[PDB]
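**Q** Hey, dropping protein-v2.cif in here, mmCIF, C-alpha atoms and all ligand atoms:
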data_run
loop_
_atom_site.label_atom_id
_atom_site.label_comp_id
_atom_site.auth_asym_id
_atom_site.auth_seq_id
_atom_site.Cartn_x
_atom_site.Cartn_y
_atom_site.Cartn_z
CA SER A 1 17.03 1.09 -18.60
CA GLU A 2 15.40 -2.29 -17.89
CA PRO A 3 11.72 -2.74 -16.93
CA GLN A 4 10.69 -2.61 -13.29
CA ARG A 5 7.76 -3.88 -11.25
CA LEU A 6 5.98 -0.73 -10.13
CA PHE A 7 3.16 0.42 -7.90
CA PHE A 8 1.91 3.71 -6.49
CA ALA A 9 1.36 3.93 -2.76
CA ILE A 10 0.88 5.96 0.38
CA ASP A 11 3.49 5.63 3.15
CA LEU A 12 3.13 5.83 6.92
CA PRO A 13 4.98 8.16 9.31
CA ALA A 14 7.85 6.37 11.09
CA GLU A 15 6.28 6.66 14.54
CA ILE A 16 3.03 5.03 13.39
CA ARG A 17 5.03 2.30 11.65
CA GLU A 18 6.78 1.67 14.97
CA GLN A 19 3.44 1.49 16.79
CA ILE A 20 2.03 -0.91 14.21
CA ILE A 21 4.93 -3.34 14.44
CA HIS A 22 4.82 -3.26 18.24
CA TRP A 23 1.08 -3.98 18.11
CA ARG A 24 1.58 -6.73 15.56
CA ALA A 25 4.31 -8.46 17.58
CA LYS A 26 2.09 -8.26 20.66
CA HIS A 27 -0.95 -9.82 19.01
CA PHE A 28 0.35 -12.23 16.39
CA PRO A 29 2.89 -15.00 16.93
CA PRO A 30 5.40 -15.73 14.15
CA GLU A 31 3.20 -18.69 13.12
CA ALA A 32 0.32 -16.32 12.29
CA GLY A 33 2.04 -15.24 9.08
CA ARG A 34 5.13 -13.61 7.60
CA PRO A 35 5.60 -10.06 8.93
CA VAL A 36 5.84 -7.15 6.49
CA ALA A 37 9.04 -5.22 7.31
CA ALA A 38 8.37 -1.90 9.04
CA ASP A 39 9.84 0.06 6.13
CA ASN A 40 7.64 -1.82 3.64
CA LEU A 41 4.34 -0.99 5.35
CA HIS A 42 2.27 0.98 2.88
CA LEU A 43 -1.18 1.44 1.36
CA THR A 44 -1.22 0.57 -2.33
CA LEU A 45 -3.02 2.98 -4.66
CA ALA A 46 -2.45 1.27 -8.03
CA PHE A 47 -0.41 -1.75 -9.02
CA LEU A 48 1.26 -1.54 -12.43
CA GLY A 49 3.17 -4.79 -12.72
CA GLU A 50 6.13 -4.89 -15.09
CA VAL A 51 6.62 -1.56 -16.89
CA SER A 52 9.26 -0.48 -19.43
CA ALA A 53 11.20 2.75 -18.89
CA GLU A 54 9.19 4.47 -21.64
CA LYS A 55 5.87 3.48 -20.08
CA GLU A 56 7.10 4.51 -16.62
CA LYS A 57 7.85 7.95 -17.99
CA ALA A 58 4.37 8.15 -19.55
CA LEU A 59 2.56 7.09 -16.36
CA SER A 60 4.74 9.42 -14.29
CA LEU A 61 3.69 12.37 -16.45
CA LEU A 62 0.04 11.39 -15.96
CA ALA A 63 0.51 11.09 -12.19
CA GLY A 64 2.17 14.49 -12.21
CA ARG A 65 -1.01 16.09 -13.55
CA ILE A 66 -3.16 14.85 -10.67
CA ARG A 67 -4.36 17.74 -8.45
CA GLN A 68 -5.80 16.23 -5.29
CA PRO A 69 -5.98 17.87 -1.86
CA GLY A 70 -4.35 16.11 1.07
CA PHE A 71 -6.50 14.09 3.45
CA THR A 72 -6.17 12.38 6.80
CA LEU A 73 -6.09 8.62 7.38
CA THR A 74 -7.20 7.19 10.71
CA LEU A 75 -6.58 3.46 10.91
CA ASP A 76 -9.55 2.28 12.97
CA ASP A 77 -10.00 -1.16 11.39
CA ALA A 78 -8.15 -4.47 11.08
CA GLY A 79 -9.10 -7.74 9.49
CA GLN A 80 -8.04 -10.86 7.70
CA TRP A 81 -8.69 -11.93 4.09
CA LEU A 82 -8.30 -15.71 3.92
CA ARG A 83 -8.56 -15.74 0.10
CA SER A 84 -5.47 -13.53 -0.10
CA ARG A 85 -3.96 -14.94 3.10
CA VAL A 86 -3.30 -11.47 4.49
CA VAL A 87 -3.97 -9.65 7.74
CA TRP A 88 -4.48 -5.94 7.12
CA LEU A 89 -5.08 -2.57 8.69
CA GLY A 90 -7.64 -0.19 7.24
CA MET A 91 -10.17 2.63 7.65
CA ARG A 92 -13.89 1.86 8.09
CA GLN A 93 -14.84 4.98 6.15
CA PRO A 94 -11.87 6.09 4.02
CA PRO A 95 -11.81 9.73 3.03
CA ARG A 96 -13.22 10.48 -0.40
CA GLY A 97 -9.87 11.90 -1.54
CA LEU A 98 -8.14 8.55 -1.02
CA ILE A 99 -10.67 6.77 -3.20
CA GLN A 100 -10.48 9.56 -5.80
CA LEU A 101 -6.67 9.43 -5.91
CA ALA A 102 -6.57 5.62 -6.23
CA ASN A 103 -9.27 5.65 -8.90
CA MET A 104 -7.35 8.15 -11.02
CA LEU A 105 -4.08 6.17 -10.82
CA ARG A 106 -5.89 2.93 -11.59
CA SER A 107 -7.62 4.47 -14.62
CA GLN A 108 -4.33 5.87 -15.90
CA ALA A 109 -2.72 2.43 -15.49
CA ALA A 110 -5.59 0.62 -17.22
CA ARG A 111 -5.49 3.02 -20.17
CA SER A 112 -1.76 2.29 -20.56
CA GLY A 113 -2.56 -1.42 -20.85
CA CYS A 114 -1.65 -2.42 -17.30
CA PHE A 115 -3.77 -5.30 -16.04
CA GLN A 116 -6.29 -3.96 -13.59
CA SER A 117 -8.77 -6.40 -12.10
CA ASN A 118 -12.34 -5.18 -12.41
CA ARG A 119 -12.34 -5.51 -8.61
CA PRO A 120 -13.38 -2.46 -6.52
CA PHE A 121 -10.64 -0.56 -4.69
CA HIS A 122 -10.21 -1.91 -1.17
CA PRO A 123 -7.74 0.36 0.64
CA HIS A 124 -5.60 -1.53 3.12
CA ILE A 125 -2.16 -1.91 4.69
CA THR A 126 -0.94 -5.51 4.68
CA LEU A 127 0.69 -6.55 7.96
CA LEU A 128 1.10 -10.30 7.52
CA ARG A 129 1.37 -12.41 4.40
CA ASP A 130 0.90 -16.18 4.07
CA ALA A 131 -1.62 -15.95 6.90
CA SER A 132 -3.31 -19.15 5.78
CA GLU A 133 -5.12 -19.81 9.05
CA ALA A 134 -7.88 -17.78 10.66
CA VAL A 135 -6.57 -15.80 13.62
CA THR A 136 -8.33 -13.49 16.09
CA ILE A 137 -8.00 -9.90 14.85
CA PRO A 138 -7.89 -7.33 17.65
CA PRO A 139 -8.81 -3.74 16.94
CA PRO A 140 -5.86 -1.56 15.94
CA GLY A 141 -4.03 0.60 18.48
CA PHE A 142 -5.21 4.05 19.60
CA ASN A 143 -4.82 7.17 17.48
CA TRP A 144 -3.07 5.84 14.39
CA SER A 145 -4.07 8.98 12.55
CA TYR A 146 -2.07 11.15 10.21
CA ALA A 147 -2.18 13.66 7.33
CA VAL A 148 -1.22 12.31 3.91
CA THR A 149 0.81 14.90 2.05
CA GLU A 150 2.08 13.02 -0.98
CA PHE A 151 2.01 9.75 -2.86
CA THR A 152 4.92 7.74 -4.27
CA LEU A 153 5.80 5.49 -7.18
CA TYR A 154 7.71 2.44 -5.95
CA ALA A 155 9.75 -0.26 -7.66
CA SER A 156 9.28 -3.73 -6.21
CA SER A 157 12.10 -6.24 -6.11
CA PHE A 158 13.30 -9.33 -4.29
CA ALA A 159 17.00 -9.12 -3.50
CA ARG A 160 18.92 -11.35 -1.10
CA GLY A 161 16.36 -12.80 1.31
CA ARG A 162 14.18 -9.70 1.35
CA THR A 163 11.35 -7.86 -0.38
CA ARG A 164 12.43 -4.33 -1.26
CA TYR A 165 10.16 -1.43 -2.22
CA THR A 166 12.30 1.40 -3.65
CA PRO A 167 10.89 4.92 -3.98
CA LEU A 168 11.33 6.36 -7.47
CA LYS A 169 9.25 9.56 -7.49
CA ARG A 170 6.92 11.45 -5.14
CA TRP A 171 4.11 13.94 -5.79
CA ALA A 172 2.73 16.23 -3.13
CA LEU A 173 -0.99 16.47 -2.63
CA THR A 174 -2.40 19.99 -2.22
CA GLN A 175 -2.54 21.07 1.46
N1 LIG B 1 11.60 -16.16 -3.42
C1 LIG B 1 11.24 -15.20 -4.26
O1 LIG B 1 11.75 -15.07 -5.36
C2 LIG B 1 10.19 -14.22 -3.86
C3 LIG B 1 9.33 -14.45 -2.80
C4 LIG B 1 8.38 -13.48 -2.50
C5 LIG B 1 8.33 -12.32 -3.27
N2 LIG B 1 9.17 -12.14 -4.30
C6 LIG B 1 9.17 -10.92 -5.12
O2 LIG B 1 9.39 -9.81 -4.24
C7 LIG B 1 8.33 -8.87 -4.40
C8 LIG B 1 7.34 -9.15 -3.28
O3 LIG B 1 6.00 -9.14 -3.76
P1 LIG B 1 4.92 -8.50 -2.76
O4 LIG B 1 3.66 -9.33 -2.78
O5 LIG B 1 5.63 -8.20 -1.47
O6 LIG B 1 4.68 -7.11 -3.51
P2 LIG B 1 4.20 -7.06 -5.04
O7 LIG B 1 3.66 -8.41 -5.46
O8 LIG B 1 5.28 -6.39 -5.85
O9 LIG B 1 2.98 -6.03 -4.89
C9 LIG B 1 3.25 -4.75 -4.31
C10 LIG B 1 1.92 -4.19 -3.84
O10 LIG B 1 1.01 -4.25 -4.93
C11 LIG B 1 -0.22 -4.83 -4.50
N3 LIG B 1 -0.89 -5.52 -5.63
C12 LIG B 1 -0.44 -6.57 -6.36
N4 LIG B 1 -1.34 -6.89 -7.32
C13 LIG B 1 -2.38 -6.04 -7.23
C14 LIG B 1 -3.67 -5.82 -7.94
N5 LIG B 1 -4.05 -6.59 -8.99
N6 LIG B 1 -4.46 -4.80 -7.51
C15 LIG B 1 -4.11 -4.02 -6.48
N7 LIG B 1 -2.96 -4.16 -5.79
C16 LIG B 1 -2.08 -5.14 -6.11
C17 LIG B 1 0.10 -5.73 -3.32
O11 LIG B 1 -1.07 -5.73 -2.49
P3 LIG B 1 -1.23 -6.54 -1.10
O12 LIG B 1 -0.49 -5.64 -0.14
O13 LIG B 1 -2.73 -6.59 -0.90
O14 LIG B 1 -0.61 -7.90 -1.31
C18 LIG B 1 1.31 -5.03 -2.72
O15 LIG B 1 0.88 -4.12 -1.69
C19 LIG B 1 7.74 -9.14 -5.77
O16 LIG B 1 8.56 -8.47 -6.73
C20 LIG B 1 7.90 -10.64 -5.92
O17 LIG B 1 8.06 -10.97 -7.30
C21 LIG B 1 10.09 -13.05 -4.59
CL CL B 2 8.30 -7.05 3.56
#
Please re-express this file's structure in structure tokens.
Ligand SMILES: NC(=O)c1ccc[n+]([C@@H]2O[C@H](COP(=O)([O-])OP(=O)(O)OC[C@H]3O[C@@H](n4cnc5c(N)ncnc54)[C@H](OP(=O)(O)O)[C@@H]3O)[C@@H](O)[C@H]2O)c1
Ligand SMILES: [Cl-]
**A**
Amino acid sequence: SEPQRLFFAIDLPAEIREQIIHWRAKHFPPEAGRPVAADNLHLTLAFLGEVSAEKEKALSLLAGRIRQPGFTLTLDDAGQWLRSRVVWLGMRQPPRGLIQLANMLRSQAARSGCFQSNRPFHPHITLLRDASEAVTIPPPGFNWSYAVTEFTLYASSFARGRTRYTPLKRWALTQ
């Protein structure tokens, strides 16, 4: 049909999402920035931008040929990027498989003509947007650790008053 704004990402188990939003509400007032909805919390692997249906099929076939074992993410880091005006969660030492997976999807995107910045992959989970002022960043909560078993292609849209990330396809990682 019509083109969509697409990105590949890793999702978070519902319980960890709940812990994150509780932690965020505890540590950041509304004025700190605009909260990412619980269901929209994710770790982007590759951003594709606007993509026709034909190109989406092509990239989906490429993603489907990726053979990457699963890995575990332990979110032990938080920070703020003032240039992007985001507050994020992350991993001090991401597993090699995460980097490998993101690098493959980014290369596939770039080869298809998708704008990739030459910027190095910086894995993160955005918690607050429009965080234009420096705020104290506490460490994340305890034991936000989980096994990643798959990755997903999402469509991004703004409908009503809300950002919506819609899952289109998923691919298991080898476990
Ligand atoms: N009033 C309005 O009309 C309005 C207002 C706001 C948003 N919107 C729309 O609603 C959606 C919200 O946008 P969004 O910012 O929530 O999501 P988005 O712009 O669709 O991006 C989705 C994900 O891709 C990442 N990303 C974007 N460019 C990238 C790049 N060059 N390299 C690596 N990663 C990249 C973002 O990273 P980060 O997580 O680091 O940002 C984000 O996690 C968009 O479709 C936007 O057009 C509309
Ligand atoms: Cl959101």
**Q** Which chains and residue numbers are within 6 Å of ligand LIG 1 (chain B), counting all atoms listed in the file, if I want them as a PyMOL selection string?
**A** chain A and resi 7+44+46-47+116-117+126+156-158+163
**Q** Which residues are near ligand CL 2 (chain B) - at most 8 Å, using only C-alpha atoms and all ligand atoms? Format: as a list in words.
**A**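 I would give the residues around ligand CL 2 (chain B) as residues 35, 36, 37, 38, 39, 40, 41, 162, 163 and 164 of chain A.
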**Q** Quick one: pull the distance between CA of residue 150 in chain A and CA of residue 170 in chain A, Å, one decimal.
**A**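 Taking CA of residue 150 in chain A as the start and CA of residue 170 in chain A as the end point, the length is 6.6 Å.
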**Q** Could you check the closest approach to residue 18 in chain A for each of A:108, A:159, A:144, A:173 and tell me which residue wins, using all atoms listed in the file?
**A** A:144
**Q** Would you compute the distance between CA of residue 71 in chain A and CA of residue 92 in chain A? Give it in Å to one decimal.
**A** 15.0 Å
**Q** Looking at A:135, A:53, A:102, A:62, which one is nearest to residue 9 in chain A, with distances taken over only C-alpha atoms?
**A**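 Nearest candidate to residue 9 in chain A out of A:135, A:53, A:102, A:62: A:102.
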**Q** With all atoms listed in the file as the basis for distance, which of A:19, A:132, A:60, A:72 is at the shortest distance from residue 84 in chain A?
**A** A:132
**Q** Using the file's own x, y and z axes, what box holds all listed atoms of range 7-24 of chain A with 4 Å on each side, keeping edges along x, y and z, and what are its centre and edge lengths in Å to one decimal, as JSON?
**A**
{"center_x": 4.4, "center_y": 0.7, "center_z": 5.2, "size_x": 15.0, "size_y": 22.9, "size_z": 34.1}
**Q** Pick out the closest residue to residue 79 in chain A from this set: A:139, A:3, A:167, A:161. Count all atoms listed in the file.
**A** A:139
**Q** Contacts of range 94-101 of chain A at 7 Å or less, counting all atoms listed in the file, minus same-chain residues fewer than 3 places along, as a PDB file with C-alpha atoms, keeping the file's coordinate frame?
**A**
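Result file is selection-v2.pdb:
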ATOM      1  CA  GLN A  68      -5.800  16.230  -5.290  1.00  0.00           C
ATOM      2  CA  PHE A  71      -6.500  14.090   3.450  1.00  0.00           C
ATOM      3  CA  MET A  91     -10.170   2.630   7.650  1.00  0.00           C
ATOM      4  CA  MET A 104      -7.350   8.150 -11.020  1.00  0.00           C
ATOM      5  CA  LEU A 105      -4.080   6.170 -10.820  1.00  0.00           C
TER       6      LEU A 105
END
**Q** Leaving out residue 149 in chain A and any residue of its chain fewer than 2 positions from it, which residues lie within 7 Å of it when counting only C-alpha atoms, given as JSON, numbers by chain?
**A** {"A": [70, 147, 172, 173]}
